[PDB]
$ cat model23.pdb   # PDB, N, CA and C atoms
ATOM      1  N   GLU A   1      -4.244  18.736  -1.195
ATOM      2  CA  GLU A   1      -3.314  18.530  -2.343
ATOM      3  C   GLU A   1      -3.511  17.141  -2.950
ATOM      4  N   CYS A   2      -2.549  16.689  -3.700
ATOM      5  CA  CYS A   2      -2.650  15.344  -4.334
ATOM      6  C   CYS A   2      -1.246  14.779  -4.560
ATOM      7  N   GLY A   3      -0.884  13.747  -3.850
ATOM      8  CA  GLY A   3       0.476  13.174  -4.026
ATOM      9  C   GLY A   3       0.392  11.824  -4.736
ATOM     10  N   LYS A   4       1.353  11.530  -5.567
ATOM     11  CA  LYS A   4       1.348  10.232  -6.294
ATOM     12  C   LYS A   4       1.859   9.119  -5.378
ATOM     13  N   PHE A   5       1.610   7.889  -5.733
ATOM     14  CA  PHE A   5       2.078   6.760  -4.885
ATOM     15  C   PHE A   5       3.519   6.999  -4.434
ATOM     16  N   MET A   6       3.882   6.465  -3.304
ATOM     17  CA  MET A   6       5.271   6.632  -2.789
ATOM     18  C   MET A   6       5.507   8.057  -2.290
ATOM     19  N   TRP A   7       4.520   8.903  -2.361
ATOM     20  CA  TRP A   7       4.721  10.297  -1.885
ATOM     21  C   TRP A   7       4.748  10.349  -0.357
ATOM     22  N   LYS A   8       5.778  10.915   0.210
ATOM     23  CA  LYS A   8       5.839  11.016   1.694
ATOM     24  C   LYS A   8       4.545  11.659   2.186
ATOM     25  N   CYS A   9       4.045  11.240   3.310
ATOM     26  CA  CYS A   9       2.770  11.821   3.802
ATOM     27  C   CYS A   9       2.827  12.103   5.301
ATOM     28  N   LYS A  10       1.875  12.844   5.791
ATOM     29  CA  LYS A  10       1.837  13.162   7.243
ATOM     30  C   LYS A  10       0.690  12.398   7.901
ATOM     31  N   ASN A  11      -0.355  12.151   7.161
ATOM     32  CA  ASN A  11      -1.514  11.410   7.735
ATOM     33  C   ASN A  11      -2.499  11.010   6.633
ATOM     34  N   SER A  12      -2.659  11.837   5.633
ATOM     35  CA  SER A  12      -3.605  11.504   4.526
ATOM     36  C   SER A  12      -3.877  12.733   3.651
ATOM     37  N   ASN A  13      -3.656  13.910   4.167
ATOM     38  CA  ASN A  13      -3.917  15.141   3.362
ATOM     39  C   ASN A  13      -2.864  15.306   2.264
ATOM     40  N   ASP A  14      -1.926  14.404   2.177
ATOM     41  CA  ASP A  14      -0.877  14.526   1.123
ATOM     42  C   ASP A  14      -1.091  13.470   0.033
ATOM     43  N   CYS A  15      -1.873  12.462   0.313
ATOM     44  CA  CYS A  15      -2.112  11.390  -0.696
ATOM     45  C   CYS A  15      -3.167  11.815  -1.724
ATOM     46  N   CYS A  16      -2.988  11.414  -2.955
ATOM     47  CA  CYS A  16      -3.969  11.773  -4.020
ATOM     48  C   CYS A  16      -5.294  11.040  -3.792
ATOM     49  N   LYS A  17      -6.293  11.342  -4.575
ATOM     50  CA  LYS A  17      -7.604  10.657  -4.410
ATOM     51  C   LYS A  17      -7.396   9.140  -4.360
ATOM     52  N   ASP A  18      -8.208   8.438  -3.617
ATOM     53  CA  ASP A  18      -8.047   6.956  -3.535
ATOM     54  C   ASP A  18      -6.650   6.602  -3.016
ATOM     55  N   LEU A  19      -6.017   7.512  -2.327
ATOM     56  CA  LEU A  19      -4.656   7.230  -1.787
ATOM     57  C   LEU A  19      -4.563   7.724  -0.339
ATOM     58  N   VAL A  20      -3.940   6.963   0.518
ATOM     59  CA  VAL A  20      -3.830   7.391   1.943
ATOM     60  C   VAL A  20      -2.416   7.132   2.468
ATOM     61  N   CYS A  21      -2.023   7.829   3.496
ATOM     62  CA  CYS A  21      -0.657   7.625   4.056
ATOM     63  C   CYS A  21      -0.583   6.284   4.792
ATOM     64  N   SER A  22       0.523   5.590   4.702
ATOM     65  CA  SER A  22       0.623   4.280   5.406
ATOM     66  C   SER A  22       2.031   4.068   5.970
ATOM     67  N   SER A  23       2.127   3.816   7.250
ATOM     68  CA  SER A  23       3.455   3.592   7.875
ATOM     69  C   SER A  23       4.046   2.269   7.386
ATOM     70  N   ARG A  24       3.214   1.373   6.925
ATOM     71  CA  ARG A  24       3.734   0.072   6.424
ATOM     72  C   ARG A  24       4.292   0.262   5.019
ATOM     73  N   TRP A  25       3.587   0.984   4.197
ATOM     74  CA  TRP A  25       4.078   1.237   2.817
ATOM     75  C   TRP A  25       5.046   2.419   2.836
ATOM     76  N   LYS A  26       5.083   3.140   3.928
ATOM     77  CA  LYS A  26       6.014   4.298   4.049
ATOM     78  C   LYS A  26       5.626   5.437   3.093
ATOM     79  N   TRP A  27       4.368   5.571   2.762
ATOM     80  CA  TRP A  27       3.958   6.670   1.841
ATOM     81  C   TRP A  27       2.467   6.562   1.513
ATOM     82  N   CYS A  28       2.013   7.311   0.545
ATOM     83  CA  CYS A  28       0.576   7.244   0.157
ATOM     84  C   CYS A  28       0.322   5.962  -0.638
ATOM     85  N   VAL A  29      -0.560   5.122  -0.172
ATOM     86  CA  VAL A  29      -0.821   3.848  -0.896
ATOM     87  C   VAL A  29      -2.206   3.848  -1.545
ATOM     88  N   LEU A  30      -2.433   2.925  -2.440
ATOM     89  CA  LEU A  30      -3.746   2.852  -3.138
ATOM     90  C   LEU A  30      -4.867   2.494  -2.166
ATOM     91  N   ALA A  31      -5.711   3.438  -1.863
ATOM     92  CA  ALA A  31      -6.847   3.155  -0.941
ATOM     93  C   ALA A  31      -8.065   2.747  -1.765
ATOM     94  N   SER A  32      -7.838   1.935  -2.757
ATOM     95  CA  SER A  32      -8.947   1.472  -3.644
ATOM     96  C   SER A  32     -10.248   1.278  -2.857
ATOM     97  N   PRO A  33     -10.187   0.438  -1.860
ATOM     98  CA  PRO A  33     -11.384   0.161  -1.030
ATOM     99  C   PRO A  33     -11.738   1.378  -0.173
ATOM    100  N   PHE A  34     -12.451   2.318  -0.732
ATOM    101  CA  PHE A  34     -12.831   3.531   0.044
ATOM    102  C   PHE A  34     -13.659   4.480  -0.826
TER     103      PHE A  34
END
$ encode --input "model23.pdb" --output "structure tokens"
Amino acid sequence: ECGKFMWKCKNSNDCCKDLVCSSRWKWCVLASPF
């Protein structure tokens, strides 16, 4: 799928492209470097 920033996530399959789940940000954050 593809979730926008701040989207609750389980590990990374919920974050949009260039976005990953983060326990520090509490959601999908910009994974620019990737």
$ select_by_dssp --input "model23.pdb" --residues "chain A" --states "strand (DSSP E or B)" --output "list in words"
residues 3, 15, 19, 20, 21, 22, 27, 28, 29 and 30 of chain A
$ resolve_selection --input "model23.pdb" --expression "the PyMOL selection byres ((chain A and resi 2) around 5)" --output "PDB file with N, CA and C atoms, keeping the file's coordinate frame"
ATOM      1  N   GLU A   1      -4.244  18.736  -1.195  1.00  0.00           N
ATOM      2  CA  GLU A   1      -3.314  18.530  -2.343  1.00  0.00           C
ATOM      3  C   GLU A   1      -3.511  17.141  -2.950  1.00  0.00           C
ATOM      4  N   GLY A   3      -0.884  13.747  -3.850  1.00  0.00           N
ATOM      5  CA  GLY A   3       0.476  13.174  -4.026  1.00  0.00           C
ATOM      6  C   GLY A   3       0.392  11.824  -4.736  1.00  0.00           C
ATOM      7  N   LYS A   4       1.353  11.530  -5.567  1.00  0.00           N
ATOM      8  CA  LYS A   4       1.348  10.232  -6.294  1.00  0.00           C
ATOM      9  C   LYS A   4       1.859   9.119  -5.378  1.00  0.00           C
ATOM     10  N   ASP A  14      -1.926  14.404   2.177  1.00  0.00           N
ATOM     11  CA  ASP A  14      -0.877  14.526   1.123  1.00  0.00           C
ATOM     12  C   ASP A  14      -1.091  13.470   0.033  1.00  0.00           C
ATOM     13  N   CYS A  15      -1.873  12.462   0.313  1.00  0.00           N
ATOM     14  CA  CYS A  15      -2.112  11.390  -0.696  1.00  0.00           C
ATOM     15  C   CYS A  15      -3.167  11.815  -1.724  1.00  0.00           C
ATOM     16  N   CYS A  16      -2.988  11.414  -2.955  1.00  0.00           N
ATOM     17  CA  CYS A  16      -3.969  11.773  -4.020  1.00  0.00           C
ATOM     18  C   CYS A  16      -5.294  11.040  -3.792  1.00  0.00           C
TER      19      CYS A  16
END
$ resolve_selection --input "model23.pdb" --expression "the PyMOL selection byres (((chain A and resi 23-33 and name CA) around 7) and name CA)" --output "PDB file with N, CA and C atoms, in the coordinates of the input"
ATOM      1  N   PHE A   5       1.610   7.889  -5.733  1.00  0.00           N
ATOM      2  CA  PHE A   5       2.078   6.760  -4.885  1.00  0.00           C
ATOM      3  C   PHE A   5       3.519   6.999  -4.434  1.00  0.00           C
ATOM      4  N   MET A   6       3.882   6.465  -3.304  1.00  0.00           N
ATOM      5  CA  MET A   6       5.271   6.632  -2.789  1.00  0.00           C
ATOM      6  C   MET A   6       5.507   8.057  -2.290  1.00  0.00           C
ATOM      7  N   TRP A   7       4.520   8.903  -2.361  1.00  0.00           N
ATOM      8  CA  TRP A   7       4.721  10.297  -1.885  1.00  0.00           C
ATOM      9  C   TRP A   7       4.748  10.349  -0.357  1.00  0.00           C
ATOM     10  N   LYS A   8       5.778  10.915   0.210  1.00  0.00           N
ATOM     11  CA  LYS A   8       5.839  11.016   1.694  1.00  0.00           C
ATOM     12  C   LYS A   8       4.545  11.659   2.186  1.00  0.00           C
ATOM     13  N   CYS A   9       4.045  11.240   3.310  1.00  0.00           N
ATOM     14  CA  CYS A   9       2.770  11.821   3.802  1.00  0.00           C
ATOM     15  C   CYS A   9       2.827  12.103   5.301  1.00  0.00           C
ATOM     16  N   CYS A  15      -1.873  12.462   0.313  1.00  0.00           N
ATOM     17  CA  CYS A  15      -2.112  11.390  -0.696  1.00  0.00           C
ATOM     18  C   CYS A  15      -3.167  11.815  -1.724  1.00  0.00           C
ATOM     19  N   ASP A  18      -8.208   8.438  -3.617  1.00  0.00           N
ATOM     20  CA  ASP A  18      -8.047   6.956  -3.535  1.00  0.00           C
ATOM     21  C   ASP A  18      -6.650   6.602  -3.016  1.00  0.00           C
ATOM     22  N   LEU A  19      -6.017   7.512  -2.327  1.00  0.00           N
ATOM     23  CA  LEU A  19      -4.656   7.230  -1.787  1.00  0.00           C
ATOM     24  C   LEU A  19      -4.563   7.724  -0.339  1.00  0.00           C
ATOM     25  N   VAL A  20      -3.940   6.963   0.518  1.00  0.00           N
ATOM     26  CA  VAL A  20      -3.830   7.391   1.943  1.00  0.00           C
ATOM     27  C   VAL A  20      -2.416   7.132   2.468  1.00  0.00           C
ATOM     28  N   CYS A  21      -2.023   7.829   3.496  1.00  0.00           N
ATOM     29  CA  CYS A  21      -0.657   7.625   4.056  1.00  0.00           C
ATOM     30  C   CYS A  21      -0.583   6.284   4.792  1.00  0.00           C
ATOM     31  N   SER A  22       0.523   5.590   4.702  1.00  0.00           N
ATOM     32  CA  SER A  22       0.623   4.280   5.406  1.00  0.00           C
ATOM     33  C   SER A  22       2.031   4.068   5.970  1.00  0.00           C
ATOM     34  N   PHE A  34     -12.451   2.318  -0.732  1.00  0.00           N
ATOM     35  CA  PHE A  34     -12.831   3.531   0.044  1.00  0.00           C
ATOM     36  C   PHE A  34     -13.659   4.480  -0.826  1.00  0.00           C
TER      37      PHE A  34
END
$ axis_aligned_box --input "model23.pdb" --around "region 12-22 of chain A" --padding-each-side "5 Å" --output "JSON"
{"center_x": -3.1, "center_y": 9.7, "center_z": 0.7, "size_x": 20.2, "size_y": 21.2, "size_z": 20.5}
